[PDB]
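Q: opening piece of the complex, as it sits:
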Amino acid sequence: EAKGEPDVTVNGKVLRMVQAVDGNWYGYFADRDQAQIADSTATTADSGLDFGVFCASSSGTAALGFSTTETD
Amino acid sequence: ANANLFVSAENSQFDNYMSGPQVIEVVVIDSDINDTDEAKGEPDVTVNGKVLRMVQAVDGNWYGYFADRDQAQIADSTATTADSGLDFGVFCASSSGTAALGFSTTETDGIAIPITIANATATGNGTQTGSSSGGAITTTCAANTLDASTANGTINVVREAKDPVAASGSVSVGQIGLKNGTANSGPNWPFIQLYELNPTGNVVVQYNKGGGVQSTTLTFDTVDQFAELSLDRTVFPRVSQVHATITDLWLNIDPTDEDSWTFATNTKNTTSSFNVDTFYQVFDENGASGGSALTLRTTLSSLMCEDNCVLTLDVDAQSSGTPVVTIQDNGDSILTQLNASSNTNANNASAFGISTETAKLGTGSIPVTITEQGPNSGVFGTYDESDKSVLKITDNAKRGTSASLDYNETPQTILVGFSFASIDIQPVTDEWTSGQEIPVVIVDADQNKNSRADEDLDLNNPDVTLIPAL
């Protein structure tokens, strides 16, 4: 069923959650500065503290398919 | 106390008051109607007896935004350009909801939708700017006005509205029939429904549900008694960051977003054309611009601002030629030292300004930006997430010389001084024999420059001026 996303916030900012097959809504967040610094060290893909590819908050609807503006 | 209905203005800290052009978010977080795939019905939510149209979002919560009609019109009267300042978008008649939004909105006093007008007729299209004197609106809007829109999303008072439920099968957009459901960038959502409220008169938001209705009471009155500003300390060292905590309900215009205000606080810039002023949404909550700066000094009188919406700063109370307080760029600001001459330095606060808005926020004028600590806490702070304040004390400040900061017409003095230290060595026993680490205790309030973090001494840190040595 298309139930409603839980309205969970950290420091007020909304944190989008994706449902899993275990019926539990999951959401992962981290500090922006620390994550950028860590991904700086990962000079190669899929190794070390590689956070993936950073994208702007306005790009979530285009890439992920849902609004994520309130995130940094 | 309420189980499902939550109102933004509901705040025991500020005693449920509301004032100014505030847009009030009404959310109905109810588990019985949280699904978005079935053709569910709209919950019966009314304020002062008038029905408040609710839109279901992707999070399963029904949303609805309302504000005072007169205050909203007066605020939008200051929106010289679209999507800037206190812009509420474009107003329309209460009978135009069916033609524009697709659903009836007769019971309201006018709707503010983020459309723009290409054929600006005097009868068939609303007012982009709105009457500066307030009063009822009779301009109607129709479908052709929607089809003739050249830019959607002019509303700047509700910037983080949730996405309306997408239409599918037996469910329409928002379950009530919005024509365009693109949130924060479309012509329909978000939209504010304007209501007639009376200053000093209570506002009652009612949610009607089986088993017992839920009602909340808000007071629509000037809130100067709660506006306050506090300093983290009393005495301050030479380079300590100046932290300002502005507990003001009026400044929380956007309920679903952190609000940013810009002030021209230079109290002694005797230029005739310059005056102390306030600006809205010059910078985003991330310090990424967001729009132009618009005048509000001559409008605050009509915006229920009895000495609680202006900021002015005194940098030298004794006029001794030694300025105390200066400003710098932060993570949520785009400040720039326009006067980059090598003769002066960062201590000359009048050298700082904003490049994009040099007309009023140019050199001098002490452009000061404040950001809300939270989206709806109603408490604003100069210090950013990195703890770099907007205000700092000059390094060459003379002892005893103090500056004063003014908010709510209640001056706050920023004194400059120190404290007597006492370094003590406490051995674990009566003899300090070899191979015995014993604690060294130093009590010095001068080095405690932050009351919300831990300060560690460091030779590599020039800010840490004094380090014990043996």
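A: Looks like it arrived, so ask away. Residues are numbered from 1 along each chain as shown, chains lettered A, B, ... in the order given.
Q: give me the neighbour count for residue A:28.
A: Residues near residue A:28, counting by other CB atoms under 10 Å in any protein chain shown, number 7. Where you see a C-beta, it was placed from the backbone N, CA and C, and this is true even at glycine.
Q: tell me the spacing between it and chain B.
A: Going from residue A:28 to chain B by CB to the nearest CB, to the nearest Å gives 18 Å.
Q: what is the neighbour count of the closest residue to residue A:48 other than its chain neighbours?
A: Nearest residue to residue A:48 in three dimensions, chain neighbours excluded: residue A:42, at 4.0 Å (CB to CB, 6 or more residues apart in numbering or on different chains). Using other CB under 10 Å, residue A:42 has 14 other residues around it.
Q: can you check the one 4 residues further on too?
A: Each residue near residue A:46 was counted by other CB under 10 Å, and the total is 7.
Q: and if you look at residue A:63?
A: Other residues near residue A:63 come to 11 when the count uses other CB under 10 Å.
Q: returning to what we had before: gap between the residue nearest to residue A:48 and residue B:361?
A: Distance, residue A:42 to residue B:361, using CB to CB, to the nearest Å: 41 Å.
Q: how about the residues of chain A near chain B?
A: Where chain A comes near chain B, counting by CB under 8 Å from any CB of the partner chain, the residues are A:1-7, A:11-14, A:66-67, A:69-70, A:72.
Q: burial count for the residue of chain A found nearest chain B?
A: Nearest residue of chain A to chain B (CB to the nearest CB) works out as residue A:4 at 1.4 Å. Residues contacting residue A:4 under the criterion other CB under 10 Å number 20.
Q: nearest residue to it in space, please, no chain neighbours.
A: The shortest distance from residue A:4 to any non-neighbouring residue, by CB to CB, 6+ apart, is to residue B:60 (1.4 Å).
Q: which residues touch the one you found?
A: Listed by CB atoms under 8 Å, 6 or more residues apart in numbering or on different chains, the contact set of residue B:60 reads A:3-5, B:33-36.
Q: following the strand or helix carrying residue A:33 in sequence, what is the next regular element?
A: Assigned by DSSP states H and E, residue A:33 belongs to helix A:32-41. Remark: after helix A:32-41, the chain's next helix or strand is helix A:60-63, criterion DSSP H and E.
Q: what about that next one, distance to the chain center?
A: Centre-to-centre, helix A:60-63 and its host chain are 12 Å apart (CA atoms, centre = their mean, to the nearest Å).
Q: now the sequence for chain C, which goes on the structure above:
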Amino acid sequence: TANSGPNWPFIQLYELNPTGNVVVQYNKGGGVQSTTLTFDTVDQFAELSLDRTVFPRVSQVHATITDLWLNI
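A: Chain C, in position alongside the others:
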């Protein structure tokens, strides 16, 4: 897909205040559930423990590291 696709998982980036609390809020019908964290250096929680005082001829050396930072 679980961990090989371009969308899930993803981390949302949030500015946090060092030495300041991080509050996670969950707005649900009937009451709000809050969990407040702390974004601060955890060196005071790091310690290494050994399973014996004196180590015999061919004993194993078991080291236990209790470090919050290393749990990325």
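Q: can you check the neighbour count of residue A:4 again with chain C included?
A: Counted with other CB under 10 Å, residue A:4 comes out at 20.
Q: show me which residues of chain A are close to chain C?
A: Going by CB under 8 Å from any CB, the residues of chain A near chain C are A:6-13, A:15-16, A:18, A:26-33, A:35, A:49, A:51-52, A:54, A:63-65, A:68, A:71-72.
Q: at 6 Å instead, please
A: By CB under 6 Å from any CB of the partner chain, the part of chain A that sits against chain C consists of A:7-11, A:28-32, A:35, A:64, A:71-72.
Q: ok, which pair from those residues is furthest apart?
A: Greatest spacing in the residues of chain A next to chain C, by CB to CB: A:7 and A:35 (24.2 Å).
Q: one step back: tilt between the helix holding residue A:33 and strand C:31-39?
A: 50 degrees (axes from the mean of the first three to the mean of the last three CA atoms, to 10 degrees).
Q: using CSV, write out every CA atom in helix A:32-41.
A: Taking Å, rounded to 0.1, in the frame of the first residue of the first chain, the C-alpha atoms of helix A:32-41 are listed here in CSV:
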residue,chain,number,x,y,z
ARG,A,32,28.6,17.6,5.2
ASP,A,33,32.1,18.7,6.1
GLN,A,34,33.2,15.3,7.5
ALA,A,35,31.7,13.5,4.5
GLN,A,36,33.4,15.8,2.0
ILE,A,37,36.7,15.4,3.8
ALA,A,38,36.4,11.6,3.9
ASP,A,39,35.4,11.4,0.2
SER,A,40,38.5,13.5,-0.6
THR,A,41,40.7,10.7,0.7
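Q: put this one in as chain D:
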Amino acid sequence: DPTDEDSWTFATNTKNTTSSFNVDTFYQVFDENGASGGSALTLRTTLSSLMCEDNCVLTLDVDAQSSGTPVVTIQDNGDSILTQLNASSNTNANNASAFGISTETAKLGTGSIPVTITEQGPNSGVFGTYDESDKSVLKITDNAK
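A: Next up, chain D placed on what we already have:
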């Protein structure tokens, strides 16, 4: 109404000695929002059969001593639509008989002091002349003695 707050409009002027006029109670002339709730319909000759035991009729007298200066007056608010029928400058707002409902002047015209009450909640059962903005229907006249 168990699912909405009810609104009642009355005809409380006890000295309107016109033979046709009677002290009458009207149901839902103005909705809870203050709009036109429909037409005004007679209820005086029916309250006996509606189990009303002398608790369904409101009567008002703007001056008990008949001194020529009325004590209380009436005024429009958010929960009703009250308009000046006798707009002549010879009379002011202090005349309680100059107020009436324009759309239903047959039984709520000039005179016949229309007092309106709204329920404080959908099912609370408590009614109040004052609206949500603390602006009452009944008001003390300006030049009272």
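Q: revisit the neighbour count of residue A:42 given that chain D is now included?
A: Around residue A:42 there are 14 other residues, counting by other CB under 10 Å.
Q: give me the phi and psi for it.
A: With angles defined as degrees, to the nearest 10, residue A:42 sits at phi -70, psi 80.
Q: again, but for the one 3 residues further on
A: Taking degrees, to the nearest 10, you get phi -70, psi 140 for the backbone angles of residue A:45.
Q: so how far is chain D from it?
A: Residue A:45 is 61 Å from chain D, by CB to the nearest CB.
Q: repeat for residue A:37
A: Per CB to the nearest CB, residue A:37 is found 55 Å from chain D.
Q: looking at chain A, which residue is nearest chain D?
A: Closest to chain D within chain A is residue A:4: 25.1 Å, counting by CB to the nearest CB.
Q: quickly list what residue A:10 is bridged to.
A: Counting by DSSP bridges, residue A:10 forms beta bridges with residue A:13, residue C:24.
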